[PDB]
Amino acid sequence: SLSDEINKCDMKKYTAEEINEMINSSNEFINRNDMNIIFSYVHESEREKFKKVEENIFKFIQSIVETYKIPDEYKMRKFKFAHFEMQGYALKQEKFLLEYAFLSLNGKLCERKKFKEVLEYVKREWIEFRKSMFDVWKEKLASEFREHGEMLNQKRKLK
């Protein structure tokens, strides 16, 4: 749609031409800003292309769904869990490539102080993530189960 194009044009930070220009620059060295811009563009490009692969898989499985008149309940539940498994494999691939890029672009050593700072931030963010997850999912499932339980009691009272 039109609004999706306007919202994207109004948000664009990088072009493909800019990125190719940066990659192909005659400059012997490349600074952290330019490296971050390129990795942000690449992360985004790989994220979009991955989604197109998932669409193509789901379009293909749709042909089997229609051949065997498979109900939507089964189709959507299986598509949902497959999406999760594919995300899982993509994270594992990105993890290896981030480690590859980290070791290839830097020296053998890093300041222990800086490493300890990053590590303390990761640990604090995980505690914060876990607290939030507890509160969010406890409420999501409580409402869903309490509601379904009220619906059952209704059907039970009727009989």
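Don't overthink the numbering: it's just position in the shown sequence, from 1.
Stretches compared: 132-140, 8-16. Higher mean C-alpha B-factor in the entry: 8-16. Stretches 23-31 and 111-119 differ in mean C-alpha B factor, with the higher average recorded for 111-119.
In the deposited entry, the Cα temperature factor of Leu91 sits in the middle third of values across the chain's modelled residues. Per the PDB record, residue ranking by Cα B-factor puts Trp126 in the lowest third of the chain. Among all modelled residues in its chain, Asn36 ranks in the lowest third by Cα B-factor. Ranked by Cα temperature factor within the chain, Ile61 sits in the middle third according to the deposited record.
For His83, the recorded CA B-factor ranks within the lowest third of the chain. Only modelled residues enter the ranking.
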